[PDB]
Amino acid sequence: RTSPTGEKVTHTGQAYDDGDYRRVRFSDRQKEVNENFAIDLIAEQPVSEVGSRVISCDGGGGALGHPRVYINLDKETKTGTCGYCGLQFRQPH
Amino acid sequence: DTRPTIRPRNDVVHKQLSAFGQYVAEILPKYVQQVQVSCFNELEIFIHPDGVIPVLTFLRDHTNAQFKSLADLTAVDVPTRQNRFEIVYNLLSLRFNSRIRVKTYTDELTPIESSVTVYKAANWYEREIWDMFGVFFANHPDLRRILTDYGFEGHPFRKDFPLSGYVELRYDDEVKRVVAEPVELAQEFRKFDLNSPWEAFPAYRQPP
Amino acid sequence: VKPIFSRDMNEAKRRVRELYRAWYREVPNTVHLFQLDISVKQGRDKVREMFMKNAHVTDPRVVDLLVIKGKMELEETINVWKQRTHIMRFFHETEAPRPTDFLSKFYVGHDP
Amino acid sequence: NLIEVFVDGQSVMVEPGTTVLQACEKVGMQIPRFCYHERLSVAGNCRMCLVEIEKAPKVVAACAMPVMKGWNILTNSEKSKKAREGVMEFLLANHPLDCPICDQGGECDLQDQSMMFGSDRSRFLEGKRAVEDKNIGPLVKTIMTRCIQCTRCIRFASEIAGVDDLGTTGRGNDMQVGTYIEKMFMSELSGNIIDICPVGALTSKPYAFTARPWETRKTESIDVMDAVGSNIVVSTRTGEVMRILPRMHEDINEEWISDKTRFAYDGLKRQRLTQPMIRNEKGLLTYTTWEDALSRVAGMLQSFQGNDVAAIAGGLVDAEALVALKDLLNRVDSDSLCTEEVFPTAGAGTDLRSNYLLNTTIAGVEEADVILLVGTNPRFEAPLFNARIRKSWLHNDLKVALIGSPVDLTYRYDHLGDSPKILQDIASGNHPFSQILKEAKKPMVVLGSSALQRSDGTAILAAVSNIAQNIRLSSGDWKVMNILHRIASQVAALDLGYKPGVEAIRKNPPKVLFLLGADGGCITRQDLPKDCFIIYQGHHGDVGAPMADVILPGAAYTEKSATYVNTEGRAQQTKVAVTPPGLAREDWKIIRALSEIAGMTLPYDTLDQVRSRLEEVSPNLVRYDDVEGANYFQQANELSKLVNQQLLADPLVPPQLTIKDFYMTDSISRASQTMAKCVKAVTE
Amino acid sequence: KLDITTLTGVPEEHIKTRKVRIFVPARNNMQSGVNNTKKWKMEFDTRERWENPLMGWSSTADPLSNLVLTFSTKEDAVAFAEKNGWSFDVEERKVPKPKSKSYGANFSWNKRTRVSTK
Amino acid sequence: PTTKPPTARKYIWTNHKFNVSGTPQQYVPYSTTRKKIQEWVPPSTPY
Amino acid sequence: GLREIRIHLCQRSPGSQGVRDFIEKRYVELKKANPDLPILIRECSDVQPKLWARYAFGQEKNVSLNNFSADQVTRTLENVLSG
Ligand code: SF4
Ligand code: SF4
Ligand code: FES
């Protein structure tokens, strides 16, 4: 997204205001902005359905992932979300 | 204990060092205040500051103590003691393949006799001690700043001296020279409190 | 307590005067040697100012050490161990004057 | 009576009943523990305190097992070490690997105790358990997967908080801790369960994910939200208040702080006054330099003198600012220094400090046997005071009677009623509770300052004083008369001599009114001359700021080293944790600079000089952590007896009746989004 | 009275304006360990920490912002402050009172102490 | 890389860029956080 | 004229015993005689008792009450009230 001033808003919700003098730093130079918003990317990821009451996520790749954490799926409305990865898992109804 | 994790300890050297420490204490009761041997076999002799030259001379010339090499002369600043600065002399005896530490105490004002006569290496070490901590050494051939800047003020290694210092340098066009200005850090050195609230070593517990 | 050099304050004052004489006589040469833009009076004024800064001391031991430090600075100045900037560092120039009036400090910042 | 026990061969004398852990603490040994808490009932469930006693086959629980004479506690024996290692292994067997994402990380008792007493590897080749989390409110983030079933939260809620909501559900490894039904744990002291929790199962929702413990800088300070005077530790990182943690003070806050105190720091970052504001030609406040604002105020001060210039003291103001403003008003021959809180001025008034102080003191509550509460709601008015009363009732079985609207106080009391005439009945002896008071050996009477705000406040004070007098005549140095103030500044202002109430300003409308941190709204533009000049000096712009000709940005309590006096008269000084935002300065500095500009320069230029002047006014305001003893009860009683006001039939309804009335009280709380969320949660 | 102020090298501004606080650090309420709260410590008054315009990093000019000196006893800290001529405020150490604890009281017959749940 | 292609990921760039220092596309440092202390808004209605 | 009177008496200091007796007996009568006048009573520690008297336009004069008998303290107060 882009601010009304014309400055692209970072994924950290930061955009130099119109009254901000610091905006001059991008006068003749581009504002480095990452164009893959992480929050949107995980939202794309589908919610896995695992019958087991408790599932464990390592992030994939074993030692190349994150510390293994066990997620409980008792909550019916909510979907178990990985603490590190953020992947959502559900228990089939 | 045993197994690779534990460090092997040699008791023979411990006994030898304890015996030699008693030897030194008996020979020099006038100055030797305390003798300790660490569990890692390092003999330490605590001497009254007046005995810096006599004790070192004995430890250097005596036939059974031929510590003819001043390995390192340093100071430890402990602000909780009246004599905050602790001058430590590390010696080496090639003849007996052993090392010893002479530890003495001093104040911010009380002078300490220079050991240049005993060890010529002491010159620059004592210069460093004076420059970093401020321990004046009496009868020193040339006591002056050795490591700090020429016009520097204060003793940096003192525990009460700020890590970033009090002054900073920069080049000023108006004066056409490098000028000293009060220190201003763009990012303050972030002090991290890491000491755990739980006691770690029961063996070194100070009773209340 | 063992005196550093002087047993009494009168002896210490003797050392202070000796140091002051050396600094007073060295100032003209120092201006020539480092080609300083200060006047001989300015340097001698600074010397007196620096001596008068530590004029509240009463312990002969402290006075002795102050003289020793004063000697060391003189030795570096005489031996040209210091550089032109080092000599000029005594004369704080670029540093903006910090006011003393409370109302001025109140405007300047949160300075206590 | 002391029995001689030995810890690691070292003889130590302990009173009979001392637990093994306490004796080890006496010799300097802190036995590892998770469930045992000094202020919570002994549980013995964590099993981490197991220690070996010489000539004993089985290790004992030091947290529970009482010592016996001759026992040699082998704290560092092999049995004890192995017991600790095994128990830690069991604790960590099912504990989730959440350390990188656990807010407790870096300050976790589990982590440090594992590092110091536990092993360095795991043998658990099976799968760990996962527990569904339970919502308990908008303040405590709950991850029950990390719970170690220490039962500290349950015991705390059951005894200190007094709300029997938390509990264990199920049995065995499937035992889950939390309310069986979906219920919000509502308490004025609920936040402390975050601290008591050894693991990161319970975490501060606002502080969640914000910062780590090692980086945060700690600044010990005093709370100003209430008049309890709770000692707090302001954890600040990179010049920003990150969280507020309790500071141990057995006499005042012990180890607990109110939820408002813990989660009102967010208000300090919203609606803040930064630059001096003066009103333009259009009549709108506009930013200006300090010079212009101070010059305008000084010119107005020169224009009018006497009662034309008056001051309304606020609730979050400090003693230094109070004395500075007092001297400034004296310079123009003005004594109309009024506080926003009304304390009966009849009789002794503010001349005797005992007339407006909790003479019994917070600690004395534990020694009291009968406490009579008159028109007050201590649960919300002073949460820690109510907690102390509850502690005494739980242990000392202190009888409690409340003459007021029947409000939950986390403890059962004798509701005499809400009509003030019950005070007359007790004084006359017709009421049986008067007989109960006669029998009592250390009876304590507490009168809420809220009741004093009533128009018959003088009559209420007279009735309470008469009851105390009757107790004194019927019956050491025990104090009976006590007043619970709800405003921190009020005590200091009354010590200085500020008029307790804006009635004097109403009597003589001031052309120039100085609102020093005053956002109560008692006096409006309508209550003032049409050409009134209002100078509001506050840290937040809440109420006085909109109705102000010149706004002087002030410093918050975390932004200045200032003196605040609690309701027990114990002077306490805050410390600077962060510097005031924008151009805001310390309040006393602002007043002194204004005096210099006007020409009536005050005789102090440093904090030390200002506090010396404070001693010149009242010496008790420089003796920190000192509860001075001044009785002066008979004199004040006689002076009060002189005037006879009429009690009103209006029931003694405390202003705060629910927790919704507790969350948002002061300007900081009103500007606190977290407190607003709490209000919304409790209302809905 | 030892006067090392002239020999310390500290600028005069940070010799007079400074307000040393001698105190024993309080126990972090989050943890239960007391090992940290065993030695007296000396700290200096906190001052302005503004924001660096380029990055937002907190900037300070206080040279003594991070100086914390531990001392065995309060007298040591007082003496050290006197030597360096820093105004020092001392906070007396607060040791928790010994508290009588009884597991049996949890199951009292006629006392409030009786616990409702375990 | 022809024999063993690297694992393809969507977030990986589709066009490698050389060091752009000294070019108008250079990177300028800035803060990624927001304002910490919100200020008070004076009322827009004259008293 | 005189705006307020501050009586600083230490709790146990024997020099303050006379001031204590004055407060115990005569102070009630004095307060009745001078209702409007704030007779502020505060406590000192390890310092001689004093009688600060605030006058108009911020003027104060402290009267040492060290070892002053109740009659003497009353006399000093009367003089302040009687000029
Ligand atoms: S509670 Fe402690 S041990 Fe458990 S995950 Fe959090 S930091 Fe790690
Ligand atoms: S939630 Fe925390 S305090 Fe409650 S039982 Fe579990 S570990 Fe203990
Ligand atoms: S602390 Fe001893 S069993 Fe819990």
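For residue D:145, all conditions in the list (1) farther than 25 Å from residue A:55 by Cα; (2) in a helix (DSSP H, G or I); (3) out of contact with any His (no Cβ under 8 Å at 6 or more places or on another chain); (4) not aromatic (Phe, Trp, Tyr) hold save one; what is the number of the exception?
All conditions pass for residue D:145, except number (1).
Go through D:361, D:410 for me and flag whichever is on the phi > 0 side of the Ramachandran plot and in contact with a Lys or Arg (Cβ under 7 Å, 6 or more places away or on another chain).
Working: D:361 fails: in contact with a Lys or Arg (Cβ under 7 Å, 6 or more places away or on another chain).
Result of the check over D:361, D:410: D:410.
Keeping to the stretch E:72-97, report how many residues are within 7 Å of chain D (Cβ to nearest Cβ) and surrounded by fewer than 17 Cβ atoms within 10 Å (Cβ to Cβ). Please lay out each step first, then the result.
In the first step, residues of the stretch E:72-97 are kept if they are within 7 Å of chain D (Cβ to nearest Cβ); the result is E:94, E:96-97.
Then drop every residue that is not surrounded by fewer than 17 Cβ atoms within 10 Å (Cβ to Cβ), which leaves E:96-97.
Going through the stretch E:72-97 one residue at a time, the tally reaches 2.
Any residue in the stretch D:499-507 that is of a type in the set (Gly, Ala, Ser), within 24 Å of residue D:638 (Cα to Cα) and within 30 Å of the chain's Cα centre (by Cα)? Let's see the steps before the verdict.
First pass over the stretch D:499-507, keeping only residues of a type in the set (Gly, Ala, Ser): D:501, D:504.
Applying the additional criterion that residues be within 24 Å of residue D:638 (Cα to Cα) yields D:501.
Then keep just the ones that are within 30 Å of the chain's Cα centre (by Cα); that gives D:501.
Yes: one or more hits.
Based on what the data block shows, is residue B:181 within 7 Å of another protein chain (Cβ to nearest Cβ), surrounded by 18 or more Cβ atoms within 10 Å (Cβ to Cβ) and outside any helix (DSSP H, G or I)? Break it down into steps so the answer makes sense when it comes.
Values: within 7 Å of another protein chain (Cβ to nearest Cβ): yes; surrounded by 18 or more Cβ atoms within 10 Å (Cβ to Cβ): no; outside any helix (DSSP H, G or I): yes.
No, not satisfied.
Pick out, from the stretch D:346-438, the helices (runs of 4 or more DSSP H) lying fully within it that include 2 or more residues that are surrounded by 21 or more Cβ atoms within 10 Å (Cβ to Cβ) and under 20 Å from the mean Cα position of the chain (by Cα). Break it down stepwise before answering.
Numbers: elements: D:361-367, D:378-381, D:383-395, D:421-428.
The qualifying helices (runs of 4 or more DSSP H) are D:361-367, D:378-381, D:383-395.
Among (1) under 17 Å from residue D:192 (Cβ atoms); (2) within 12 Å of another protein chain (Cβ to nearest Cβ), there is one condition residue D:259 misses while meeting the rest; what is its number?
All conditions are met except number (2).
Considering only residues that are within 14 Å of chain E (Cβ to nearest Cβ) and out of contact with any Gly (no Cβ under 7 Å at 6 or more places or on another chain), look in the stretch D:48-85 and name the one that is nearest to ligand 3 (Cβ to nearest atom). Break it down into steps so the answer makes sense when it comes.
So in the stretch D:48-85, the residues within 14 Å of chain E (Cβ to nearest Cβ) come out as D:48-49, D:60-67.
From what is left, the residues that are out of contact with any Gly (no Cβ under 7 Å at 6 or more places or on another chain) are D:48-49, D:60, D:62, D:65, D:67.
On the way: D:48: 5, D:49: 3, D:60: 10, D:62: 6, D:65: 9, D:67: 14 Å.
Among those that are within 14 Å of chain E (Cβ to nearest Cβ) and out of contact with any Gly (no Cβ under 7 Å at 6 or more places or on another chain), it is D:49.
Being part of a loop (DSSP other than H, G, I, E, B) and buried (at least 21 other Cβ atoms within 10 Å of the Cβ) is the filter here; which residues of the stretch D:605-626 pass it? Let's see the steps before the verdict.
First, pick out the residues of the stretch D:605-626 that are part of a loop (DSSP other than H, G, I, E, B): D:605-606, D:618, D:622-626.
Selection gives D:618 alone.
Being away from every other protein chain (no Cβ under 13 Å), over 30 Å from the mean Cα position of the chain (by Cα) and not in a helix (DSSP H, G or I) is the filter here; which residues of the stretch D:293-334 pass it?
Answer for the stretch D:293-334, where residues must be away from every other protein chain (no Cβ under 13 Å), over 30 Å from the mean Cα position of the chain (by Cα) and not in a helix (DSSP H, G or I): D:304, D:310.
Is it the case that some residue within the stretch D:144-158 is away from chain A (no Cβ under 14 Å), surrounded by 17 or more Cβ atoms within 10 Å (Cβ to Cβ) and away from ligand 3 (no atom under 16 Å from the Cβ)? So that I can check it myself, show each step before the final result.
The initial filter retains those residues of the stretch D:144-158 that are away from chain A (no Cβ under 14 Å), namely D:148-158.
From the residues that got through so far, the ones that are surrounded by 17 or more Cβ atoms within 10 Å (Cβ to Cβ) too are D:148-158.
Then keep just the ones that are away from ligand 3 (no atom under 16 Å from the Cβ); that gives D:157-158.
Yes; the residues of the stretch D:144-158 include at least one that is away from chain A (no Cβ under 14 Å), surrounded by 17 or more Cβ atoms within 10 Å (Cβ to Cβ) and away from ligand 3 (no atom under 16 Å from the Cβ).
Might you check whether a residue that is within 26 Å of residue F:14 (Cβ to Cβ) and either part of a loop (DSSP other than H, G, I, E, B) or over 23 Å from the mean Cα position of the chain (by Cα) (or both) occurs anywhere in the stretch A:39-56? Outline the logic, then answer.
Taking the stretch A:39-56 and keeping what is within 26 Å of residue F:14 (Cβ to Cβ), we get A:39-46.
With either part of a loop (DSSP other than H, G, I, E, B) or over 23 Å from the mean Cα position of the chain (by Cα) (or both) added as a condition, the list becomes A:45-46.
The answer is yes; a qualifying residue exists.
Looking only at the stretch E:27-66, filter to residues that are within 21 Å of residue A:21 (Cβ to Cβ) and among the hydrophobic types (A, V, I, L, M, F, W, C); which one of those is farthest from the other protein chains (Cβ to nearest Cβ)?
Filtering the stretch E:27-66 for residues that are within 21 Å of residue A:21 (Cβ to Cβ) and among the hydrophobic types (A, V, I, L, M, F, W, C), the one farthest from the other protein chains (Cβ to nearest Cβ) comes out as E:50.
What do you reckon, is residue D:127 away from chain A (no Cβ under 14 Å), of a type outside the set (S, T, N, Q) and more than 16 Å from ligand 3 (Cβ to nearest atom)?
Details: away from chain A (no Cβ under 14 Å): no; of a type outside the set (S, T, N, Q): yes; more than 16 Å from ligand 3 (Cβ to nearest atom): yes.
Taking the combined requirement at face value, the residue does not satisfy it.
For the stretch D:52-88, give me the residue count where each residue is within 16 Å of ligand 2 (Cβ to nearest atom) and either surrounded by 21 or more Cβ atoms within 10 Å (Cβ to Cβ) or part of a loop (DSSP other than H, G, I, E, B) (or both). Reasoning before the result, please.
Initial filter on the stretch D:52-88 (within 16 Å of ligand 2 (Cβ to nearest atom)): D:63, D:87-88.
Now narrow it down to the ones that are either surrounded by 21 or more Cβ atoms within 10 Å (Cβ to Cβ) or part of a loop (DSSP other than H, G, I, E, B) (or both): D:63, D:88.
Adding up the residues that qualify gives 2.
Of all residues in the stretch D:194-218, which are at the interface with chain E (Cβ under 9 Å from one of its Cβ atoms) and away from ligand 3 (no atom under 16 Å from the Cβ)?
Hits for the stretch D:194-218 are D:194, D:195, D:213, D:217, D:218.
Look through the stretch D:174-189, keep the residues that are within 13 Å of chain E (Cβ to nearest Cβ) and of a type in the set (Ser, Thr, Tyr), and return whichever of them is nearest to ligand 2 (Cβ to nearest atom).
D:179
Could we say that residue D:133 is surrounded by fewer than 21 Cβ atoms within 10 Å (Cβ to Cβ), of a type in the set (D, E, K, R), outside any helix (DSSP H, G or I) and away from ligand 3 (no atom under 16 Å from the Cβ) here? Let's see the steps before the verdict.
Working: surrounded by fewer than 21 Cβ atoms within 10 Å (Cβ to Cβ): yes; of a type in the set (D, E, K, R): yes; outside any helix (DSSP H, G or I): yes; away from ligand 3 (no atom under 16 Å from the Cβ): yes.
Here the answer is yes, as residue D:133 does meet what is asked.
Go through the stretch D:214-240 and give me each residue that's within 16 Å of ligand 1 (Cβ to nearest atom) and surrounded by fewer than 22 Cβ atoms within 10 Å (Cβ to Cβ). Spell out how you get there, then give the answer.
Within the stretch D:214-240, the first condition is being within 16 Å of ligand 1 (Cβ to nearest atom), and the residues that meet it are D:214-216.
Scanning the stretch D:214-240 gives D:214, D:215.
Among the residues of the stretch D:492-548, what is the count of those that are among the small types (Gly, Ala, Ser) and within 12 Å of another protein chain (Cβ to nearest Cβ)?
7
From B:65, B:71, B:25, which residue is part of a loop (DSSP other than H, G, I, E, B), within 13 Å of residue B:102 (Cβ to Cβ) and under 24 Å from the mean Cα position of the chain (by Cα)? Reasoning before the result, please.
Details: B:71 fails: part of a loop (DSSP other than H, G, I, E, B); B:25 fails: part of a loop (DSSP other than H, G, I, E, B).
Exactly one of B:65, B:71, B:25 is part of a loop (DSSP other than H, G, I, E, B), within 13 Å of residue B:102 (Cβ to Cβ) and under 24 Å from the mean Cα position of the chain (by Cα), namely B:65.
So, of the residues in the stretch D:99-124 that are in contact with a strand residue (DSSP E or B) (Cβ under 9 Å, 6 or more places away or on another chain) and buried (at least 20 other Cβ atoms within 10 Å of the Cβ), which turns out to be nearest to the other protein chains (Cβ to nearest Cβ)? Steps first, answer last, please.
Of all residues in the stretch D:99-124, those in contact with a strand residue (DSSP E or B) (Cβ under 9 Å, 6 or more places away or on another chain) come to D:101-104.
Narrowing further to those that are buried (at least 20 other Cβ atoms within 10 Å of the Cβ): D:102-104.
Working: D:102: 9, D:103: 10, D:104: 7 Å.
Result: D:104.
Restricting attention to the stretch G:55-78, does a residue exist that is surrounded by 14 or more Cβ atoms within 10 Å (Cβ to Cβ), within 8 Å of another protein chain (Cβ to nearest Cβ) and under 12 Å from the mean Cα position of the chain (by Cα)?
Within the stretch G:55-78, none of the residues are surrounded by 14 or more Cβ atoms within 10 Å (Cβ to Cβ), within 8 Å of another protein chain (Cβ to nearest Cβ) and under 12 Å from the mean Cα position of the chain (by Cα).
Restricting attention to strands (runs of 3 or more DSSP E) lying wholly within the stretch D:190-256, give those where 2 or more residues are more than 16 Å from ligand 2 (Cβ to nearest atom) and in contact with a strand residue (DSSP E or B) (Cβ under 8 Å, 6 or more places away or on another chain). Even if it seems obvious, please write down each step before you answer.
Details: elements: D:202-204, D:217-222, D:231-236, D:241-246.
Correct list: D:217-222, D:231-236, D:241-246.
Quick one: which of E:69, E:7, E:64, E:2 is over 30 Å from residue F:30 (Cβ atoms) and assigned to a strand (DSSP E or B)? Break it down into steps so the answer makes sense when it comes.
Details: E:7 fails: assigned to a strand (DSSP E or B); E:64 fails: assigned to a strand (DSSP E or B); E:2 fails: assigned to a strand (DSSP E or B).
Answer to the selection: E:69.
So in the stretch D:89-98, with the set limited to residues that are surrounded by fewer than 21 Cβ atoms within 10 Å (Cβ to Cβ) and more than 14 Å from chain A (Cβ to nearest Cβ), which one is farthest from ligand 2 (Cβ to nearest atom)?
D:89
With (1) within 10 Å of another protein chain (Cβ to nearest Cβ); (2) touching a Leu at 6+ places or on another chain (Cβ under 9 Å) as the list, and residue B:119 as the residue in question, which single condition is left unmet?
(1)
If I ask for residues that are among the polar types (S, T, N, Q) and either part of a loop (DSSP other than H, G, I, E, B) or more than 7 Å from chain B (Cβ to nearest Cβ) (or both), which ones from the stretch C:53-112 would you list?
Step one: list which residues in the stretch C:53-112 are among the polar types (S, T, N, Q), which gives C:54, C:58, C:77, C:79, C:83, C:85, C:94, C:100, C:104.
Selection gives C:54, C:58, C:77, C:79, C:83, C:94, C:100, C:104.
Since every read-out is calculated from the coordinates, none of them should be taken as a lab result. We place every Cβ from the backbone using ideal geometry, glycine too, and count neighbours over all the protein chains shown.
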